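Working notes for the structure below.
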Amino acid sequence: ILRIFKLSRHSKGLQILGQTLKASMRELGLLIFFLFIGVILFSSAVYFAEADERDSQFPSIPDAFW
Amino acid sequence: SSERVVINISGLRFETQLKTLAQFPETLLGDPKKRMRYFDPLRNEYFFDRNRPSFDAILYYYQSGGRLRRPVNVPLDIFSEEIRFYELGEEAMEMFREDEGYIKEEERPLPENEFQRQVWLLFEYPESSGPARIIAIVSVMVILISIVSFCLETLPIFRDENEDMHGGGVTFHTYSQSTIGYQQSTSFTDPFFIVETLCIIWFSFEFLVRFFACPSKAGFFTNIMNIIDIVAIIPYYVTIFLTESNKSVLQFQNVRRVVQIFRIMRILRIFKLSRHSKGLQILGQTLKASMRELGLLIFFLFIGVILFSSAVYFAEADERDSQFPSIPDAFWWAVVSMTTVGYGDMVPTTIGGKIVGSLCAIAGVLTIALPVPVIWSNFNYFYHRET
Amino acid sequence: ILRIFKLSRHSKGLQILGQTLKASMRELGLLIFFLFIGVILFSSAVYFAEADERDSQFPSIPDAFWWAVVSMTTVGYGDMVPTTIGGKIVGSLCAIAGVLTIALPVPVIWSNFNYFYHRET
Ligand SMILES: [K+]
Ligand SMILES: [K+]
Ligand SMILES: [K+]
Numbered sequence: 297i298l299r300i301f302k303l304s305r306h307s308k309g310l311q312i313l314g315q316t317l318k319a320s321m322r323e324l325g326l327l328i329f330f331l332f333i334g335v336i337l338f339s340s341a342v343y344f345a346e347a348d349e350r351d352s353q354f355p356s357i358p359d360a361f362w
Numbered sequence: 031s032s033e034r035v036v037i038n039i040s041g042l043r044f045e046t047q048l049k050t051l052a053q054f055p056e057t058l059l060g061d062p063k064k065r066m067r068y069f070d071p072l073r074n075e076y077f078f079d080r081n082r083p084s085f086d087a088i089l090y091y092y093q094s095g096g097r098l099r100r101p102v103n104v105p106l107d108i109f110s111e112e113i114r115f116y117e118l119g120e121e122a123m124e125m126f127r128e129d130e131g132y133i134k135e136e137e138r139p140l141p142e143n144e145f146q147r148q149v150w151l152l153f154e155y156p157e158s159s160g161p162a163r164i165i166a167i168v169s170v171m172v173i174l175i176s177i178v179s180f181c182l183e184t185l186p187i188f189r190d191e192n193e194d195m196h197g198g199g200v201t202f203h204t205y206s207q208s209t210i211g212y213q214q215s216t217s218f219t220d221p222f223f224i225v226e227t228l229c230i231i232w233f234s235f236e237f238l239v240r241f242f243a244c245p246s247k248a249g250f251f252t253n254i255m256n257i258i259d260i261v262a263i264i265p266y267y268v269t270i271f272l273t274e275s276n277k278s279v280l281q282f283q284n285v286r287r288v289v290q291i292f293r294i295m296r297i298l299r300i301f302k303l304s305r306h307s308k309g310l311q312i313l314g315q316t317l318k319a320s321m322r323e324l325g326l327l328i329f330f331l332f333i334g335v336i337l338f339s340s341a342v343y344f345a346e347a348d349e350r351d352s353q354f355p356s357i358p359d360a361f362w363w364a365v366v367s368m369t370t371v372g373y374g375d376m377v378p379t380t381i382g383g384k385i386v387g388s389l390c391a392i393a394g395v396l397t398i399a400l401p402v403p404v405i406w407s408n409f410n411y412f413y414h415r416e417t
Numbered sequence: 297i298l299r300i301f302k303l304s305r306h307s308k309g310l311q312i313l314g315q316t317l318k319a320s321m322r323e324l325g326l327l328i329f330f331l332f333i334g335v336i337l338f339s340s341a342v343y344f345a346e347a348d349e350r351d352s353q354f355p356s357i358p359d360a361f362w363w364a365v366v367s368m369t370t371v372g373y374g375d376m377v378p379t380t381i382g383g384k385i386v387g388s389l390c391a392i393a394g395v396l397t398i399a400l401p402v403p404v405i406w407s408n409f410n411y412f413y414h415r416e417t
């Protein structure tokens, strides 16, 4: 499916978005990290919060990552 | 005196009264001896072969009696040089910076004692030694491991294999283990207890080493980083204390809620990474700044949940299948709708309930939207204030 | 429940949001109107798009008004949803549109609000 990116040779826009990411990597990075901290943290509390219910939809903490 | 003084800045002519300059006599212009060097007796003026735009601010500083505002058109580095040049003094300079948004970092306390300095440097500056850096990695590795381990403790493949995994009974060992997350034994049979103890040994180690190698023991619990360091170990020791003080099934059962609470507190160890993350720190400062807006967002949201969850309730109250039991129940719906998450586990069925619904959405879209600008700012500040 | 607004006498913020709305009414107005145009239009296409299916979740066009809003505000409960390739193409658009419609007043409010706010605190 990466063949989709072959269009970038004929798209300025694709290219512009291309350069736009490369520049932003650091912020684009933090967004991921912050999000990570927040998933582990939140998915973790919700798990225990529902752990004593007989119908917890959260099986394990890594499950609630979703 | 009102005798008039002409100061020629690279051709741009300025005039003032001598008493305006005399006002501050420590300065170049205010001191006859210092400005003498620049006097042109042929033209009766002091000449400076210097940047032009900066001057008014410099002169206005005398005329205003102290106001030193940098012109909008003048770069901060050129202006500050000009200030340095004209010898306006350290006070004016500081005020200027402060008003310019630069906060003095003051100075960092120093150990003096050769040993503490020797140690403190590789426990707070990875910079200080290649070894100091090595420690840092280990600290990050241990933190990451403590997280992965804490999480795996909840995986059914592991928790679900126990002496009463098929509903058979409760065993005090099984019951405590389940609550705690691991088996606390001297035997050290349970791998989870092993990893946790190892991790907490290190964490305990860092905290101790920092508390005895730090220059000041007074500004120690003021620092949020140290607080984090402590919080990261408090659960472990408190669990031990609690279990050994209630070594009976009924006793434990009577303190289980607290044990559970500490178990959840263990996840705060995540924040230990903030000592090694600039970003975490930048987000850290970013929140503290925004609290007021971050506050209102909460309050506005509160008003909106109570209000909206309230109308939707009554709107669906006469239906035999209202998904909204009570008004406080629909608090859940309101939030989920306003944050546009919209699970769908609750939902109005009535034309009345749906009109509320629509609004409730459109509102949350706009409420939520407000703090955004604020944060981008404080954050975009503290960020470009490092990187 | 309006008694909640009694707190506005003791809240600057409530007051600031208060003034912020009054100012924005015109934009706050258009947002509503644009949204209206978009619901009628979108809820209308999705209806017909699913009309020939024996399990259309959209009974009438005014019924799908609900779907439209929920989709445009991206809440997306899921209590109603197109099943057809036609209904889904409308669906997609209907979303992307609401994302952009909704987005417009935002700048306005930040302003009026950011004004009245720093005009006190
Ligand atoms: K959404
Ligand atoms: K959603
Ligand atoms: K949804």
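Residue numbers (the authors' numbering), protein chains in the order written: chain B, 297 to 362; chain B', 31 to 417; chain B'', 297 to 417. A prime marks a further copy of an entry chain.
Even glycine gets a Cβ: it sits at the ideal position worked out from N, Cα and C.
Would you please verify whether the beta carbon of residue i is less than 7 Å from any beta carbon of chain B''?
i	result
residue 326 of chain B'	yes
residue 339 of chain B'	no
Can you name the residues of chain B'' whose CB is closer than 7 Å to the CB of residue i?
i	result
residue 374 of chain B'	373, 374 and 375
residue 384 of chain B'	362
residue 388 of chain B'	365
Compare the C-beta of residue i against all C-beta atoms of chain B' and say whether one is closer than 7 Å.
i	result
residue 344 of chain B	yes
residue 314 of chain B''	no
residue 352 of chain B	no
residue 394 of chain B''	no
Any heavy atom of ligand 1 within a distance shorter than 6 Å of the CB on residue i?
i	result
residue 370 of chain B'	yes
At 9 Å on the CB atoms, spell out the chain B'' contacts of residue i, in chain order.
i	result
residue 336 of chain B'	297 and 300
Given that residue i touches chain B', what residues does it touch there, using C-beta distances under 9 Å?
i	result
residue 333 of chain B''	Simply none; closest approach about 15 Å.
Here's a check: name, in chain order, each residue in its chain whose Cβ is nearer than 6 Å to the Cβ of residue i, leaving out the five neighbours to either side.
i	result
residue 117 of chain B'	57 and 58
residue 84 of chain B'	104, 109 and 112
residue 234 of chain B'	263
residue 268 of chain B'	292
So residue i contacts chain B; which residues on that side make the cut at Cβ distance below 8 Å?
i	result
residue 186 of chain B'	355 and 356
residue 290 of chain B'	344
Closer than 8 Å by C-beta to residue i: which residues in its own chain qualify, once you throw out the five before and the five after it? Chain order, please.
i	result
residue 320 of chain B''	401, 404, 405 and 408
residue 314 of chain B'	254 and 304
residue 76 of chain B'	35, 36, 37, 38, 59, 65, 68, 69 and 70
residue 101 of chain B'	83, 84, 86, 87 and 109
Just to make sure I have the definition right: I need the residues of chain B' whose C-beta is within less than 7 Å of the C-beta of residue i. Which are they?
i	result
residue 319 of chain B	Neighbours of residue 319 of chain B on chain B': none; closest Cβ ~14 Å, over 7 Å.
residue 330 of chain B''	The contacting residues do not exist; residue 330 of chain B'' stays about 11 Å from chain B' at best.
Report yes or no: is there a C-beta of chain B within less than 7 Å of the C-beta of residue i?
i	result
residue 294 of chain B'	yes
residue 95 of chain B'	no
residue 198 of chain B'	no
residue 160 of chain B'	no
residue 211 of chain B'	no
residue 60 of chain B'	no
residue 249 of chain B'	no
Just to confirm my understanding: we take residue i, look at its own chain, exclude 5 residues before and 5 after, and list those with CB closer than 7 Å. What are they?
i	result
residue 377 of chain B'	353
residue 340 of chain B'	357
residue 361 of chain B''	335 and 339
residue 222 of chain B'	179, 183, 211 and 212
Taking Cβ-Cβ distances shorter than 8 Å, what residues in chain B'' pair up with residue i?
i	result
residue 391 of chain B'	365, 366, 369 and 371
residue 399 of chain B'	402, 405 and 406
Taking C-beta pairs closer than 7 Å, name the residues in chain B that residue i reaches, listed in chain order.
i	result
residue 181 of chain B'	357 and 358
residue 177 of chain B'	336
Taking residue i as the query, report the chain B' residues whose CB atoms sit under 8 Å from its CB, ordered along the chain.
i	result
residue 409 of chain B''	400
Any heavy atom of ligand 4 closer than 6 Å to the CB of residue i?
i	result
residue 168 of chain B'	The ligand content of the structure shown is limited to ligand 1, ligand 2 and ligand 3, which means ligand 4 is not among them.
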